[PDB]
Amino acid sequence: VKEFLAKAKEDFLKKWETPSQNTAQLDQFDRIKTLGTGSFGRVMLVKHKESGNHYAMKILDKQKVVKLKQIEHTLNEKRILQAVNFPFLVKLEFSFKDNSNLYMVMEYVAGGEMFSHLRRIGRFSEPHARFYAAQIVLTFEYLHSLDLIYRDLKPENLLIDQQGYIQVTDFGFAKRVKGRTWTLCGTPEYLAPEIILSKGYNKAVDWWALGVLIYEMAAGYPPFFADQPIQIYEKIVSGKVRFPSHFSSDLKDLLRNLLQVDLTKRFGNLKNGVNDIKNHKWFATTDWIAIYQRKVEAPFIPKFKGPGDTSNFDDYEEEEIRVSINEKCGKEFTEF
């Protein structure tokens, strides 16, 4: 994979250095329905007029971006997204801006969030969990090799495509950094203890998050939960983990190594890096090449109606998309 990654970095760097800009405009799309929301924006199902293709259009109010102090994070998101390429990363198809909004148009992944299916089904069996986990492992290997840290892993940000494979979305907290960084960001249940403790951290926080995701997929609930974020952080920092009775010995050993408070001992962060995870007994049945090639048969295939079907997504309250005749925050988002 060393020769693959070296070429992958070469491809990535060209686009990182000279980013795509202004590859569409709003009136090229008909907005249909909201697919999901986050603290500052919504993702809408749209239909592209000239092609007839459906896409997921992420809309960011520039004023809200600024208010929540997310200018650099939003610039990060777009710059990274337009430069990456991997089978399990949602593709950015177009991006643009107008007087009021930033727009990131992605491929529409109709199978819905892993979150919905996980909560509905209750929990995934270990092979089912392993199938998804493997894709995240390879994806993080790819991202980290590019000096990228992801920082927002959770079932809400993992979409199931028509083949039952994972598409990672939401690069809102993604950042290109060599060495450590300090921003307190992510989702409380998925925060590594070094994020909470404000001491600076590196890509090993993504591996901790992988442990949290694997646990939640396999248990049906997270390893650290409570009614309030501050209560969750207390449990994370204690580091005490308890496993369901049905967890295999192999799964528990892997999780102890991922949910490891000690950075000199956390899997993924050691001398042999990602190979400590890839070669773990829990992944013994995993053909890593077959996964990458999408040749492994998926355990779950979302019911797929029409190309613009949203039946795998919850309904959200709609809201008009406003565009002022006055340009807002022009200089701030010049590079977008």
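Under this definition, the rigid core comprises the largest set of C-alpha atoms superposing within 1.5 Å between the forms. Sequential numbering from 1, following the sequence displayed.
Peer 1: Root mean square C-alpha distance from this form after a core fit in 5 other deposited structures of this protein: higher for 70-78 or for 152-160?
Peer 2: Once the core is superposed, the stretch further away in 5 other deposited structures of this protein is 70-78.
Peer 1: After fitting on the rigid core, pick out whichever of 221-229 or 240-248 shows the bigger RMS C-alpha deviation in 5 other deposited structures of this protein.
Peer 2: So, of the two stretches, the farther one in 5 other deposited structures of this protein is 221-229.
Peer 1: Please establish whether a third or more of the other compared PDB entries omit coordinates for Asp309.
Peer 2: Other entries vs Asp309: at least a third skip it.
Peer 1: Would you tell me which stretch averages the higher CA B-factor in the PDB entry, 326-334 or 1-9?
Peer 2: Averaging CA B-factors over each stretch, the winner is 1-9.
Peer 1: If you average the Cα B factors in the entry, which is higher, 268-276 or 301-309?
Peer 2: It is 301-309.
Peer 1: Based on the PDB record, which member of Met106, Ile71, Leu153, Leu197 exhibits the highest Cα temperature factor?
Peer 2: Comparing C-alpha B-factors across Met106, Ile71, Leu153, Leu197, the maximum falls on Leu197.
Peer 1: Highest Cα temperature factor in the entry, among the options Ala83, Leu148, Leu263, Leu258: which one is it?
Peer 2: The listed residue with the largest C-alpha B-factor is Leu263.
Peer 1: Among the modelled residues of this chain, does the Cα B factor of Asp250 put it in the lowest, middle or highest third?
Peer 2: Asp250: CA B-factor falls in the middle third of its chain.
Peer 1: Of the three thirds of its chain by CA temperature factor, lowest, middle or highest, which one includes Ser238?
Peer 2: For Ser238, the deposited C-alpha B-factor lands in the highest third.
Peer 1: Which third of the chain does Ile160 land in by C-alpha B-factor: lowest, middle or highest?
Peer 2: Its C-alpha B-factor, which the entry lists for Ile160, ranks in the middle third among residues of this chain.
Peer 1: Give the position of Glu189 by CA B-factor within its chain, expressed as the lowest, middle or highest third.
Peer 2: Lowest third - that is where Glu189 ends up once the chain's C-alpha B-factors are sorted.
Peer 1: Quick one: classify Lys175 as lowest, middle or highest third of the chain based on its Cα B-factor.
Peer 2: Ranked within chain, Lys175 CA B lands in the lowest tercile.
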